[PDB]
Structure formats: C-alpha cells, structure tokens
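Asker: Below is the file final38.cif, which contains mmCIF, C-alpha atoms and all ligand atoms.
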data_structure
#
loop_
_atom_site.label_atom_id
_atom_site.label_comp_id
_atom_site.auth_asym_id
_atom_site.auth_seq_id
_atom_site.Cartn_x
_atom_site.Cartn_y
_atom_site.Cartn_z
CA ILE D 4 3.24 -14.82 -12.37
CA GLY D 5 3.38 -12.21 -15.14
CA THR D 6 6.18 -9.66 -15.32
CA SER D 7 4.80 -7.27 -17.93
CA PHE D 8 2.82 -4.12 -17.24
CA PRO D 9 0.30 -4.13 -20.11
CA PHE D 10 -1.65 -1.06 -19.11
CA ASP D 11 -2.07 2.06 -21.15
CA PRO D 12 -0.72 5.05 -19.18
CA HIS D 13 -3.21 7.60 -17.94
CA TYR D 14 -2.16 10.90 -16.38
CA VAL D 15 -4.09 13.54 -14.48
CA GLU D 16 -2.88 16.90 -13.14
CA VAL D 17 -3.08 16.97 -9.34
CA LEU D 18 -1.99 20.03 -7.34
CA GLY D 19 0.40 21.03 -10.14
CA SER D 20 1.92 17.57 -10.73
CA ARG D 21 1.04 14.78 -13.13
CA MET D 22 -0.01 11.51 -11.49
CA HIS D 23 0.02 8.27 -13.46
CA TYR D 24 -2.68 5.63 -13.09
CA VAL D 25 -3.97 2.39 -14.53
CA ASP D 26 -7.58 2.63 -15.68
CA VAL D 27 -9.26 -0.49 -17.08
CA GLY D 28 -12.60 -2.25 -16.91
CA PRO D 29 -16.18 -1.08 -17.55
CA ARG D 30 -16.93 2.63 -17.52
CA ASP D 31 -19.87 2.35 -15.08
CA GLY D 32 -20.50 0.71 -11.72
CA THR D 33 -18.49 1.28 -8.60
CA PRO D 34 -14.77 1.59 -9.34
CA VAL D 35 -12.16 -0.43 -7.46
CA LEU D 36 -9.27 1.79 -6.30
CA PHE D 37 -5.94 -0.03 -5.69
CA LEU D 38 -3.42 1.72 -3.40
CA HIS D 39 0.19 0.50 -3.22
CA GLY D 40 2.74 1.45 -0.55
CA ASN D 41 6.52 1.60 -0.09
CA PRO D 42 8.64 1.10 -2.31
CA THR D 43 6.21 -0.09 -4.98
CA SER D 44 3.74 1.37 -7.54
CA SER D 45 0.73 0.26 -9.54
CA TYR D 46 3.09 -2.43 -10.91
CA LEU D 47 2.43 -4.34 -7.62
CA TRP D 48 -1.23 -4.81 -8.73
CA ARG D 49 -0.48 -5.88 -12.33
CA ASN D 50 -1.49 -9.54 -11.83
CA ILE D 51 -4.46 -8.79 -9.58
CA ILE D 52 -6.23 -6.18 -11.72
CA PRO D 53 -6.96 -8.61 -14.61
CA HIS D 54 -9.15 -10.70 -12.29
CA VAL D 55 -11.28 -7.67 -11.36
CA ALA D 56 -11.40 -5.74 -14.70
CA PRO D 57 -13.91 -8.15 -16.30
CA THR D 58 -16.62 -6.91 -13.94
CA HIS D 59 -15.44 -3.58 -12.45
CA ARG D 60 -13.49 -0.51 -13.33
CA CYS D 61 -9.97 -0.66 -11.83
CA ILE D 62 -8.05 2.50 -10.98
CA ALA D 63 -4.50 2.12 -9.65
CA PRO D 64 -2.54 5.36 -9.14
CA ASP D 65 1.14 5.72 -8.55
CA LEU D 66 1.53 7.77 -5.39
CA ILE D 67 3.22 11.15 -5.76
CA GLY D 68 7.02 10.78 -6.25
CA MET D 69 6.54 7.06 -7.10
CA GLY D 70 6.02 4.96 -10.19
CA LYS D 71 5.41 7.09 -13.25
CA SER D 72 3.99 10.00 -11.25
CA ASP D 73 5.80 13.32 -11.09
CA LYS D 74 8.49 14.21 -8.52
CA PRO D 75 7.57 17.55 -6.88
CA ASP D 76 9.85 19.02 -4.25
CA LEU D 77 8.04 17.66 -1.19
CA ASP D 78 9.00 16.19 2.15
CA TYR D 79 6.88 13.19 1.12
CA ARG D 80 5.39 12.90 4.59
CA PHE D 81 2.16 10.95 5.00
CA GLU D 82 0.32 14.29 5.07
CA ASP D 83 1.73 15.09 1.58
CA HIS D 84 0.51 11.78 0.23
CA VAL D 85 -2.90 12.41 1.79
CA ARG D 86 -3.18 15.71 -0.07
CA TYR D 87 -2.20 14.28 -3.42
CA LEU D 88 -4.40 11.18 -3.15
CA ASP D 89 -7.39 13.21 -2.01
CA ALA D 90 -6.89 15.50 -5.03
CA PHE D 91 -6.39 12.54 -7.38
CA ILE D 92 -9.72 11.02 -6.32
CA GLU D 93 -11.52 14.34 -6.81
CA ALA D 94 -9.82 15.03 -10.14
CA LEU D 95 -11.20 11.72 -11.48
CA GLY D 96 -14.65 12.61 -10.19
CA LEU D 97 -14.97 9.39 -8.18
CA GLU D 98 -18.08 9.16 -6.02
CA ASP D 99 -18.32 5.74 -4.32
CA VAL D 100 -15.37 3.33 -4.40
CA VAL D 101 -14.20 -0.09 -3.28
CA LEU D 102 -10.71 0.14 -1.78
CA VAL D 103 -7.99 -2.51 -2.27
CA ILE D 104 -5.02 -1.43 -0.13
CA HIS D 105 -1.62 -2.44 1.24
CA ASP D 106 1.15 -0.97 3.44
CA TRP D 107 1.13 2.84 3.20
CA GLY D 108 -1.71 2.46 0.68
CA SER D 109 -3.69 1.01 3.59
CA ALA D 110 -2.96 4.00 5.83
CA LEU D 111 -4.08 6.27 2.97
CA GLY D 112 -7.12 4.16 2.22
CA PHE D 113 -8.32 3.75 5.80
CA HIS D 114 -7.79 7.46 6.50
CA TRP D 115 -9.79 8.37 3.40
CA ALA D 116 -12.53 5.88 4.39
CA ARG D 117 -12.85 7.27 7.93
CA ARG D 118 -13.22 10.79 6.48
CA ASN D 119 -15.56 9.70 3.61
CA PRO D 120 -17.40 6.69 5.05
CA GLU D 121 -20.52 7.13 2.93
CA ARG D 122 -18.40 6.67 -0.21
CA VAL D 123 -16.71 3.37 0.68
CA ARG D 124 -18.61 0.26 -0.37
CA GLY D 125 -15.99 -2.28 0.78
CA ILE D 126 -12.33 -2.54 1.78
CA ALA D 127 -9.97 -5.35 0.79
CA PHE D 128 -6.64 -5.10 2.58
CA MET D 129 -3.48 -6.96 3.42
CA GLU D 130 -0.28 -6.36 5.40
CA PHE D 131 -1.68 -3.05 6.65
CA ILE D 132 -0.41 -0.34 8.99
CA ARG D 133 -1.64 -0.13 12.58
CA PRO D 134 0.00 1.58 15.61
CA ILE D 135 2.82 -0.52 17.06
CA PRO D 136 3.37 0.50 20.70
CA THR D 137 6.93 -0.77 21.14
CA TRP D 138 9.79 -2.08 19.03
CA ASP D 139 9.38 -5.44 20.72
CA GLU D 140 6.02 -5.71 18.91
CA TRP D 141 7.44 -4.64 15.56
CA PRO D 142 8.00 -7.73 13.36
CA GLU D 143 11.36 -9.31 14.12
CA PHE D 144 12.28 -9.98 10.51
CA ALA D 145 14.27 -6.91 9.36
CA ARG D 146 13.54 -5.14 12.67
CA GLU D 147 17.13 -3.84 13.06
CA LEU D 148 16.99 -2.44 9.54
CA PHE D 149 13.80 -0.54 10.31
CA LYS D 150 15.41 0.80 13.48
CA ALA D 151 18.36 1.98 11.46
CA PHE D 152 16.14 3.54 8.78
CA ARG D 153 14.72 5.77 11.51
CA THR D 154 18.15 6.64 12.89
CA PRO D 155 19.52 10.08 11.89
CA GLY D 156 22.20 9.96 9.17
CA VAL D 157 22.35 6.18 9.09
CA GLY D 158 18.89 5.77 7.56
CA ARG D 159 19.55 8.14 4.65
CA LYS D 160 22.76 6.37 3.76
CA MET D 161 20.94 3.05 3.73
CA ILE D 162 17.88 4.13 1.77
CA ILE D 163 18.98 7.10 -0.33
CA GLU D 164 22.59 6.27 -1.05
CA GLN D 165 22.41 2.44 -1.00
CA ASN D 166 18.80 2.02 -2.20
CA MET D 167 18.23 -0.66 0.47
CA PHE D 168 14.44 -0.39 0.48
CA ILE D 169 14.41 -1.50 -3.18
CA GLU D 170 17.44 -3.80 -3.22
CA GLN D 171 17.04 -5.49 0.19
CA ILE D 172 13.63 -4.98 1.84
CA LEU D 173 11.47 -5.60 -1.22
CA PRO D 174 12.97 -8.99 -2.24
CA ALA D 175 13.34 -10.07 1.39
CA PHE D 176 9.62 -9.49 1.90
CA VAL D 177 8.55 -11.80 -0.94
CA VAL D 178 8.84 -15.57 -0.37
CA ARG D 179 9.42 -16.46 -3.99
CA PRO D 180 12.52 -14.90 -5.63
CA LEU D 181 11.73 -11.73 -7.57
CA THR D 182 13.23 -11.83 -11.07
CA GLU D 183 15.60 -9.25 -12.50
CA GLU D 184 12.84 -8.11 -14.87
CA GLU D 185 10.50 -7.46 -11.93
CA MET D 186 13.29 -5.75 -9.98
CA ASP D 187 13.99 -3.48 -12.98
CA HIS D 188 10.33 -2.38 -13.01
CA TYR D 189 10.58 -1.52 -9.30
CA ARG D 190 14.00 0.18 -9.73
CA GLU D 191 12.95 2.42 -12.62
CA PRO D 192 11.45 5.37 -10.65
CA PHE D 193 14.49 5.49 -8.34
CA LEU D 194 17.53 5.19 -10.58
CA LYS D 195 18.94 8.47 -9.21
CA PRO D 196 19.49 8.86 -5.44
CA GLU D 197 17.82 12.30 -5.49
CA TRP D 198 14.58 10.55 -6.42
CA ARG D 199 14.55 8.40 -3.30
CA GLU D 200 13.16 10.80 -0.69
CA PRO D 201 9.74 9.07 -0.50
CA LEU D 202 11.43 5.73 0.20
CA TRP D 203 13.26 7.17 3.24
CA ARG D 204 10.43 9.33 4.58
CA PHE D 205 7.93 6.45 4.62
CA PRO D 206 9.68 4.30 7.27
CA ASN D 207 10.30 7.49 9.24
CA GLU D 208 6.52 8.03 9.27
CA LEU D 209 5.61 4.55 10.57
CA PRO D 210 3.57 4.81 13.80
CA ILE D 211 5.87 3.26 16.39
CA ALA D 212 5.97 4.04 20.12
CA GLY D 213 3.82 7.12 19.54
CA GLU D 214 6.07 8.72 16.94
CA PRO D 215 5.67 10.60 14.74
CA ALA D 216 2.75 11.87 16.89
CA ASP D 217 0.63 13.15 14.03
CA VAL D 218 0.68 9.88 12.06
CA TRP D 219 0.23 7.94 15.30
CA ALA D 220 -2.97 9.84 16.14
CA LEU D 221 -4.42 9.47 12.60
CA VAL D 222 -3.70 5.72 12.50
CA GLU D 223 -5.23 5.22 15.96
CA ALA D 224 -8.27 7.13 14.72
CA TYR D 225 -8.80 5.00 11.60
CA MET D 226 -8.31 1.82 13.65
CA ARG D 227 -11.07 2.91 16.07
CA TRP D 228 -13.25 3.56 13.02
CA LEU D 229 -12.44 0.18 11.47
CA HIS D 230 -13.41 -1.64 14.66
CA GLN D 231 -16.84 0.05 14.63
CA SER D 232 -17.61 0.33 10.92
CA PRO D 233 -20.18 -2.02 9.29
CA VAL D 234 -18.35 -1.74 5.95
CA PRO D 235 -17.61 -5.13 4.29
CA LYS D 236 -13.98 -6.05 4.85
CA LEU D 237 -11.78 -8.65 3.15
CA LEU D 238 -8.34 -9.43 4.64
CA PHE D 239 -5.72 -11.42 2.77
CA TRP D 240 -2.89 -12.88 4.86
CA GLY D 241 0.04 -15.23 4.40
CA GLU D 242 2.42 -17.20 6.46
CA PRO D 243 4.64 -16.32 8.19
CA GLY D 244 3.56 -12.81 7.23
CA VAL D 245 5.32 -9.66 8.41
CA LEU D 246 2.87 -7.11 9.84
CA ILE D 247 -0.03 -9.66 9.88
CA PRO D 248 1.24 -13.07 10.94
CA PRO D 249 -1.36 -15.82 11.58
CA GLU D 250 -1.92 -14.78 15.22
CA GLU D 251 -2.69 -11.26 14.08
CA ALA D 252 -5.11 -12.49 11.39
CA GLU D 253 -6.80 -14.37 14.23
CA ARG D 254 -7.09 -11.23 16.34
CA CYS D 255 -8.64 -9.49 13.33
CA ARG D 256 -11.18 -12.31 12.90
CA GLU D 257 -12.10 -12.02 16.56
CA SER D 258 -12.45 -8.19 16.60
CA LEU D 259 -13.36 -6.53 13.29
CA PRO D 260 -16.98 -6.34 12.14
CA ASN D 261 -18.16 -7.78 8.82
CA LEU D 262 -14.81 -9.37 7.96
CA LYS D 263 -13.98 -12.22 5.61
CA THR D 264 -10.42 -13.53 5.58
CA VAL D 265 -8.50 -15.36 2.86
CA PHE D 266 -5.29 -17.29 3.46
CA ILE D 267 -2.93 -16.95 0.48
CA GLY D 268 -0.27 -19.54 1.41
CA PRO D 269 3.39 -18.61 1.84
CA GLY D 270 3.83 -14.86 2.14
CA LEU D 271 5.77 -12.16 3.95
CA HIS D 272 4.82 -8.53 3.20
CA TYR D 273 4.33 -8.04 -0.56
CA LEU D 274 1.70 -10.79 -0.75
CA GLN D 275 0.71 -9.68 -4.26
CA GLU D 276 3.98 -11.09 -5.58
CA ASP D 277 3.47 -14.47 -3.92
CA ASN D 278 -0.14 -15.26 -4.84
CA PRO D 279 -1.77 -12.61 -7.05
CA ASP D 280 -4.26 -15.07 -8.50
CA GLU D 281 -5.84 -15.94 -5.12
CA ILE D 282 -5.96 -12.26 -4.24
CA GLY D 283 -7.53 -11.15 -7.53
CA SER D 284 -9.95 -14.06 -7.88
CA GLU D 285 -11.22 -13.69 -4.30
CA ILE D 286 -11.66 -9.94 -4.67
CA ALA D 287 -13.67 -10.62 -7.84
CA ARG D 288 -15.87 -13.18 -6.04
CA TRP D 289 -16.50 -10.79 -3.10
CA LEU D 290 -17.39 -7.66 -5.10
CA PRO D 291 -20.96 -8.65 -6.23
CA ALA D 292 -22.24 -8.80 -2.63
CA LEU D 293 -21.19 -5.20 -1.93
CA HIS D 294 -24.61 -4.55 -3.68
CL CL W 1 7.89 2.21 5.10
MG MG W 2 3.70 19.35 -15.43
MG MG W 3 -8.71 5.12 -20.70
MG MG W 4 7.83 11.19 -15.06
MG MG W 5 2.77 -21.37 -3.75
#
Could I get this structure in the form of structure tokens?

Answerer:
Amino acid sequence: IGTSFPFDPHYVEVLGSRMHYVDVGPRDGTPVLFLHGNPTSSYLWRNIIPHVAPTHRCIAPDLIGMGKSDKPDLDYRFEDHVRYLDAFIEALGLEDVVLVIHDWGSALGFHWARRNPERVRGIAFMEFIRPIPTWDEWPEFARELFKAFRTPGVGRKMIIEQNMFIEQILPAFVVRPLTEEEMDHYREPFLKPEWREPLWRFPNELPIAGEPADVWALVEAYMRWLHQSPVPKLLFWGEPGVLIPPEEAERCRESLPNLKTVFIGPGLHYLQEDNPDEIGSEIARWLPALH
C-alpha cells in the first residue's frame, strides 16, 4: 500500500479561496469525482486513483479547510462545504460525473446527486452517512468518543486541543496499522490547533436523533432519493465495518435499486487504507457499463 502522493497540485479559486485537487487521466469522457470526508483529504484516494486514471479522468478535491485547500474563516458546517463543493464543480466546468464518495464526502455527493440527478452517471460509495435515529443505533466502536465530541466544551478540547480525530479516530478506524509516514500526511493540514475547526464541526453535524435538524432533513431527503433512483450504484463494505457492518450491507442489497456490492475483506471505516486495490480495480471494472 503506497504512502507517497505523486500527484501534481492543481488549484482553482472558489468563492475567494483556493481549493487544491488531483487531476489525472484522459481529458475527455465522463470524469470520476472522488470526495473524501473527516479528517482526511485527497490523500485517502491516492492508491485508488491509479486504477481508474488509465481509462477516466480523476478529480479529487480537498474540501475547504482540509488538505492543501485554503482555510477561510468559516464555521465549516455542512452547508459551508456544500457551497464550496458546488462552486468547485462549476469552476471546473464539469457537466456529467461519476461520484466516488465516503463519510462526509458521501453526504456531499448524495446531496449534489439529488439536486443534479441528470448529471450523475453512477455512484460508488462506502461507509456513508445516513440518519441514525438513536445513539443505541450509532456504531458501538468509539461511540462514547462521538458522544463526547458533541458535548459542549469537552468536544473542542478533544478535537481542537488534543487532535483526537487525527491521532485516535483515524488509526482506530483502519484495521491495518497506519505508518508514521501516512500519519504525517494526514497531520500536515492540522499542525496548528486553530486549523482544526472543520474536524470538530463535522462530528457536530452528524445526523443523530434528529439533530442538527437541517442536516437531518437533507440526509433523509437524499436517502429517499437513493432508494428511488435508477442510477447505477456500487457499494464497498468491510468487516466488521463501522457505519456499514455486514448486516447493513445486507439491508442495502435488499432495498436499493441497481446496486452492486463488493466485499473488501477486513475493514472498519477508512476502507481505502485497508484494501485500495480491490476498491480501485472494481471501480475500474464497473465504469464501462455506465455507458
Ligand atoms: Cl465526523
Ligand atoms: Mg487567495
Ligand atoms: Mg493538469
Ligand atoms: Mg495552503
Ligand atoms: Mg488483507
């Protein structure tokens, strides 16, 4: 599993801020847009993109305040990310896309797809966000930490002062041990505590027990859309998984239209770090049939 990030930096101005992105692959055809979540960046896709680039353009932005993108003075709520990703996609002139999405990247991607359904040719996803009605249904592994992240005062000390989303959640949610080199790539955007606002706001935006109400309603809306959409869907899942354990992959197989699923072996949440080759090779095999 490679640790380098051998991608030439690209930048585009978006609502006054520079956003960094990977851009590789042929200059025509439908582009494949890769959307990371918390607390990662385009680095999470580094070993997946090379499987897809031979046949399709690959675009992987760093969300605002993350990766090599700029750090505007935002709250970094989901609605801020929606604005910056919408403007990123328009600034690149993208028309139709295939989405490859994870974590908060999946909330962004599914919300964009519901609003722009004519422009989405397929969605590959993994360990994605859906509304969780009670804490008892939130995944048990690290559950008390997520409760504390959403507790006033306590959560900021954990995430902002102690950097626990990077130093604890991220390695705990990969089955294989992340190396120090990989950890240093993930640490780089957050070396100062004043850069860590997005990492704290994200878990405070998760749709749990109806709160926050605005994210809850938007996630319920894209899940209704997903259950009715004919779009081709590709779900990657691992075991024991975090948000999508085997029994949840089964419920997806039994409910979602036009779905193919791929088991990746051992995995928790950041499945890309456990088996990037199965993820990238199966995306590559599935793309031709999107016509
Ligand atoms: Cl989060
Ligand atoms: Mg500037
Ligand atoms: Mg270029
Ligand atoms: Mg910078
Ligand atoms: Mg293995």

Asker: Can you pull out every residue within 6 Å of range 37-54 of chain D, counting all atoms listed in the file, but drop anything in the same chain fewer than 3 positions away, and send it as a PyMOL selection string?

Answerer: chain D and resi 63+65+70+103-108+202+279+283-284

Asker: Chain D near ligand CL 1 (chain W) within 12 Å: what's each residue's closest atom pair and its distance in Å to one decimal, counting only C-alpha atoms and all ligand atoms, ordered by chain then ascending residue number, as a Markdown table?

Answerer:
| residue | atom | partner | partner_atom | distance |
| --- | --- | --- | --- | --- |
| D:39 | CA | W:CL1 | CL | 11.5 |
| D:40 | CA | W:CL1 | CL | 7.7 |
| D:41 | CA | W:CL1 | CL | 5.4 |
| D:42 | CA | W:CL1 | CL | 7.5 |
| D:43 | CA | W:CL1 | CL | 10.5 |
| D:79 | CA | W:CL1 | CL | 11.7 |
| D:80 | CA | W:CL1 | CL | 11.0 |
| D:81 | CA | W:CL1 | CL | 10.5 |
| D:105 | CA | W:CL1 | CL | 11.3 |
| D:106 | CA | W:CL1 | CL | 7.6 |
| D:107 | CA | W:CL1 | CL | 7.1 |
| D:108 | CA | W:CL1 | CL | 10.6 |
| D:109 | CA | W:CL1 | CL | 11.7 |
| D:110 | CA | W:CL1 | CL | 11.0 |
| D:130 | CA | W:CL1 | CL | 11.8 |
| D:131 | CA | W:CL1 | CL | 11.0 |
| D:132 | CA | W:CL1 | CL | 9.5 |
| D:145 | CA | W:CL1 | CL | 11.9 |
| D:146 | CA | W:CL1 | CL | 12.0 |
| D:148 | CA | W:CL1 | CL | 11.1 |
| D:149 | CA | W:CL1 | CL | 8.3 |
| D:150 | CA | W:CL1 | CL | 11.3 |
| D:152 | CA | W:CL1 | CL | 9.1 |
| D:153 | CA | W:CL1 | CL | 10.0 |
| D:158 | CA | W:CL1 | CL | 11.8 |
| D:162 | CA | W:CL1 | CL | 10.7 |
| D:167 | CA | W:CL1 | CL | 11.7 |
| D:168 | CA | W:CL1 | CL | 8.4 |
| D:169 | CA | W:CL1 | CL | 11.2 |
| D:172 | CA | W:CL1 | CL | 9.8 |
| D:173 | CA | W:CL1 | CL | 10.7 |
| D:200 | CA | W:CL1 | CL | 11.6 |
| D:201 | CA | W:CL1 | CL | 9.0 |
| D:202 | CA | W:CL1 | CL | 7.0 |
| D:203 | CA | W:CL1 | CL | 7.5 |
| D:204 | CA | W:CL1 | CL | 7.6 |
| D:205 | CA | W:CL1 | CL | 4.3 |
| D:206 | CA | W:CL1 | CL | 3.5 |
| D:207 | CA | W:CL1 | CL | 7.1 |
| D:208 | CA | W:CL1 | CL | 7.3 |
| D:209 | CA | W:CL1 | CL | 6.4 |
| D:210 | CA | W:CL1 | CL | 10.1 |
| D:211 | CA | W:CL1 | CL | 11.5 |
| D:246 | CA | W:CL1 | CL | 11.6 |
| D:272 | CA | W:CL1 | CL | 11.3 |

Asker: Give as a list in words the residues surrounding ligand MG 4 (chain W) up to a distance of 9 Å, considering all atoms listed in the file.

Answerer: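 Based on all atoms listed in the file, ligand MG 4 (chain W) is surrounded within 9 Å by residues 21, 22, 23, 68, 70, 71, 72, 73, 74 and 192 of chain D.
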
Asker: Taking all atoms listed in the file and a cut-off of 12 Å, can you tell me which residues surround ligand MG 3 (chain W), written as a PyMOL selection string?

Answerer: chain D and resi 10-15+23-30+60-62+95

Asker: Record the distance separating CA of residue 124 in chain D and CA of residue 82 in chain D, expressed in Å with one decimal.

Answerer: 24.2 Å

Asker: Calculate how many Å separate CA of residue 58 in chain D from CA of residue 286 in chain D, rounding to one decimal.

Answerer: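 Computing the Euclidean distance for CA of residue 58 in chain D and CA of residue 286 in chain D yields 10.9 Å.
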
Asker: Record the distance separating CA of residue 291 in chain D and CA of residue 57 in chain D, expressed in Å with one decimal.

Answerer: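 Distance reported for this atom pair: 12.3 Å.
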
Asker: Can I get the residues close to ligand MG 5 (chain W) as a PyMOL selection string, where close means within 9 Å and we count all atoms listed in the file?

Answerer: chain D and resi 179+267-270+277-278

Asker: If you take every atom of range 117-121 of chain D that the file lists and fit an axis-aligned box around them with 8 Å extra on each side, what centre and edge lengths come out in Å to one decimal, as lines of an AutoDock Vina configuration file?

Answerer:
center_x = -16.7
center_y = 8.7
center_z = 5.4
size_x = 23.7
size_y = 20.1
size_z = 21.0

Asker: Restricting the calculation to all atoms listed in the file: of D:232, D:137, D:20, D:171, which residue gets closest to ligand MG 2 (chain W)?

Answerer: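 With all atoms listed in the file as the atom set, the closest residue is D:20.
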
Asker: Have a look at D:16, D:147, D:139, D:257 and name the one nearest to ligand MG 2 (chain W); count all atoms listed in the file.

Answerer: D:16

Asker: Contacts of range 112-120 of chain D at 12 Å or less, counting all atoms listed in the file, minus same-chain residues fewer than 4 places along, as a PyMOL selection string?

Answerer: chain D and resi 35-40+81-82+84-90+92-93+97-108+124-129+131-133+218-236

Asker: So that I have them on file, write out the residues from the current selection with C-alpha atoms, as an mmCIF file, keeping the file's coordinate frame.

Answerer:
data_model
loop_
_atom_site.group_PDB
_atom_site.id
_atom_site.type_symbol
_atom_site.label_atom_id
_atom_site.label_comp_id
_atom_site.auth_asym_id
_atom_site.auth_seq_id
_atom_site.Cartn_x
_atom_site.Cartn_y
_atom_site.Cartn_z
ATOM 1 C CA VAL D 35 -12.160 -0.430 -7.460
ATOM 2 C CA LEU D 36 -9.270 1.790 -6.300
ATOM 3 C CA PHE D 37 -5.940 -0.030 -5.690
ATOM 4 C CA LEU D 38 -3.420 1.720 -3.400
ATOM 5 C CA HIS D 39 0.190 0.500 -3.220
ATOM 6 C CA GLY D 40 2.740 1.450 -0.550
ATOM 7 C CA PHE D 81 2.160 10.950 5.000
ATOM 8 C CA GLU D 82 0.320 14.290 5.070
ATOM 9 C CA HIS D 84 0.510 11.780 0.230
ATOM 10 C CA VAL D 85 -2.900 12.410 1.790
ATOM 11 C CA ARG D 86 -3.180 15.710 -0.070
ATOM 12 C CA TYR D 87 -2.200 14.280 -3.420
ATOM 13 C CA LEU D 88 -4.400 11.180 -3.150
ATOM 14 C CA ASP D 89 -7.390 13.210 -2.010
ATOM 15 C CA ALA D 90 -6.890 15.500 -5.030
ATOM 16 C CA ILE D 92 -9.720 11.020 -6.320
ATOM 17 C CA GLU D 93 -11.520 14.340 -6.810
ATOM 18 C CA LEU D 97 -14.970 9.390 -8.180
ATOM 19 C CA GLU D 98 -18.080 9.160 -6.020
ATOM 20 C CA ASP D 99 -18.320 5.740 -4.320
ATOM 21 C CA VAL D 100 -15.370 3.330 -4.400
ATOM 22 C CA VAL D 101 -14.200 -0.090 -3.280
ATOM 23 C CA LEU D 102 -10.710 0.140 -1.780
ATOM 24 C CA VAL D 103 -7.990 -2.510 -2.270
ATOM 25 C CA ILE D 104 -5.020 -1.430 -0.130
ATOM 26 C CA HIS D 105 -1.620 -2.440 1.240
ATOM 27 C CA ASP D 106 1.150 -0.970 3.440
ATOM 28 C CA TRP D 107 1.130 2.840 3.200
ATOM 29 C CA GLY D 108 -1.710 2.460 0.680
ATOM 30 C CA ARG D 124 -18.610 0.260 -0.370
ATOM 31 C CA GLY D 125 -15.990 -2.280 0.780
ATOM 32 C CA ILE D 126 -12.330 -2.540 1.780
ATOM 33 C CA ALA D 127 -9.970 -5.350 0.790
ATOM 34 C CA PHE D 128 -6.640 -5.100 2.580
ATOM 35 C CA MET D 129 -3.480 -6.960 3.420
ATOM 36 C CA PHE D 131 -1.680 -3.050 6.650
ATOM 37 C CA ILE D 132 -0.410 -0.340 8.990
ATOM 38 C CA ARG D 133 -1.640 -0.130 12.580
ATOM 39 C CA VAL D 218 0.680 9.880 12.060
ATOM 40 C CA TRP D 219 0.230 7.940 15.300
ATOM 41 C CA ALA D 220 -2.970 9.840 16.140
ATOM 42 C CA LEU D 221 -4.420 9.470 12.600
ATOM 43 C CA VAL D 222 -3.700 5.720 12.500
ATOM 44 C CA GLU D 223 -5.230 5.220 15.960
ATOM 45 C CA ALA D 224 -8.270 7.130 14.720
ATOM 46 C CA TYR D 225 -8.800 5.000 11.600
ATOM 47 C CA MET D 226 -8.310 1.820 13.650
ATOM 48 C CA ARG D 227 -11.070 2.910 16.070
ATOM 49 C CA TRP D 228 -13.250 3.560 13.020
ATOM 50 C CA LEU D 229 -12.440 0.180 11.470
ATOM 51 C CA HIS D 230 -13.410 -1.640 14.660
ATOM 52 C CA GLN D 231 -16.840 0.050 14.630
ATOM 53 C CA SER D 232 -17.610 0.330 10.920
ATOM 54 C CA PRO D 233 -20.180 -2.020 9.290
ATOM 55 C CA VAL D 234 -18.350 -1.740 5.950
ATOM 56 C CA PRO D 235 -17.610 -5.130 4.290
ATOM 57 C CA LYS D 236 -13.980 -6.050 4.850
#

Asker: With only C-alpha atoms as the basis for distance, which of D:182, D:261, D:33, D:6 is at the shortest distance from residue 238 in chain D?

Answerer: D:261

Asker: For each of D:9, D:198, D:18, D:66, take the minimum atom-to-atom distance to ligand MG 2 (chain W), counting all atoms listed in the file, then give the residue where this is smallest.

Answerer: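 Going through D:9, D:198, D:18, D:66 one by one, the smallest distance to ligand MG 2 (chain W) is for D:18.
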
Asker: When distances are computed from all atoms listed in the file, which of D:255, D:69, D:111, D:265 shows the smallest separation from residue 237 in chain D?

Answerer: D:265

Asker: Using all atoms listed in the file, find the one residue out of D:17, D:290, D:262, D:4 that sits nearest to ligand MG 2 (chain W).

Answerer: D:17

Asker: Taking 3 positions as the minimum chain separation for residues in the same chain, which residues sit within 9 Å of residue 252 in chain D when counting all atoms listed in the file? Answer as a JSON list (two decimals) with C-alpha atoms, in the coordinates of the input.

Answerer:
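part12.json, written as the output of this step:
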[["chain", "number", "residue", "atom", "x", "y", "z"],
["D", 238, "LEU", "CA", -8.34, -9.43, 4.64],
["D", 239, "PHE", "CA", -5.72, -11.42, 2.77],
["D", 240, "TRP", "CA", -2.89, -12.88, 4.86],
["D", 247, "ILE", "CA", -0.03, -9.66, 9.88],
["D", 248, "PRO", "CA", 1.24, -13.07, 10.94],
["D", 249, "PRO", "CA", -1.36, -15.82, 11.58],
["D", 255, "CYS", "CA", -8.64, -9.49, 13.33],
["D", 256, "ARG", "CA", -11.18, -12.31, 12.90],
["D", 257, "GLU", "CA", -12.10, -12.02, 16.56],
["D", 264, "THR", "CA", -10.42, -13.53, 5.58]]
